[PDB]
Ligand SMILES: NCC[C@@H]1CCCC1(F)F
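A lone chain, given as structure tokens: the form solved without this ligand.
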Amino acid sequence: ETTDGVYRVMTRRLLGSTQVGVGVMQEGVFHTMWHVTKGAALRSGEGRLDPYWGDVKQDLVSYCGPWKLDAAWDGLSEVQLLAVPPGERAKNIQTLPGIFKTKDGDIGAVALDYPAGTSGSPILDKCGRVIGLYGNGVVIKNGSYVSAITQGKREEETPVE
């Protein structure tokens, strides 16, 4: 199914399932981080979701259509991580982002530390819009974690022949 919301990304081998990440269904497109799926296909119920767009440098992949999430952090405001940890209820946690300063500009970044299978959980603004996905980050000196607020580009529609 492709009903809007947040989803766990699970793998099954022989014994039971493991949550490897999280992603966002919006406008019939599933959005997650590349390192969650490695860009491979997903099952949804009886149906297959095929990768459509992705970029390993952004660490993002979308399924069934192009990247739909276009809201950005405004900079100044607090945000919420809608964390969906393995084995746990979805929970909101509010924080004021820090900044990853890069040679190409600043990226909002949240100092929130969750299990690796929380990767792909959405970060929200106060309108409930998804401004990025959690889980591509750095480990600072004391071992704690800071995640970029990773957002894709919603491209203009492609022309038709």
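So that the term is clear: the rigid core is the largest set of C-alpha atoms that superpose within 1.5 Å between two forms. In this text, residue numbers run from 1 along the sequence as written.
For 139-147 versus 7-15, the mean Cα distance to the shown form in 4 other deposited structures of this protein after rigid core alignment is larger for 7-15. According to the PDB record, 89-97 carries the higher mean C-alpha B-factor of the two stretches 51-59 and 89-97.
Two stretches are in play, 37-45 and 107-115, and the higher mean C-alpha B-factor belongs to 37-45. Per the PDB record, residue ranking by Cα B-factor puts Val79 in the middle third of the chain.
When the CA B factors of the chain's modelled residues are split into thirds, the value for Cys127 lands in the highest one.
The PDB entry assigns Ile149 a C-alpha temperature factor belonging to the lowest third of its chain's modelled residues. Ranked within its chain, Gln26 lands in the middle third, by CA B factor from the PDB record. Sorting the modelled residues of the chain by their CA temperature factor places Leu15 in the highest third.
Another form exists, solved in complex with this ligand; not displayed. Remarks below refer to it.
Distance criterion of 4.5 Å from any heavy atom to this ligand in the bound PDB entry singles out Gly39 from the list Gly128, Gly28, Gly105, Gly39. The shortest heavy atom separation between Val61 and this ligand in the bound PDB entry is within 4.5 Å. At the 4.5 Å threshold, heavy atoms of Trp34 reach this ligand in the bound PDB entry.
In the bound PDB entry, none of the heavy atoms of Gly65 sits within 4.5 Å of a heavy atom of this ligand.
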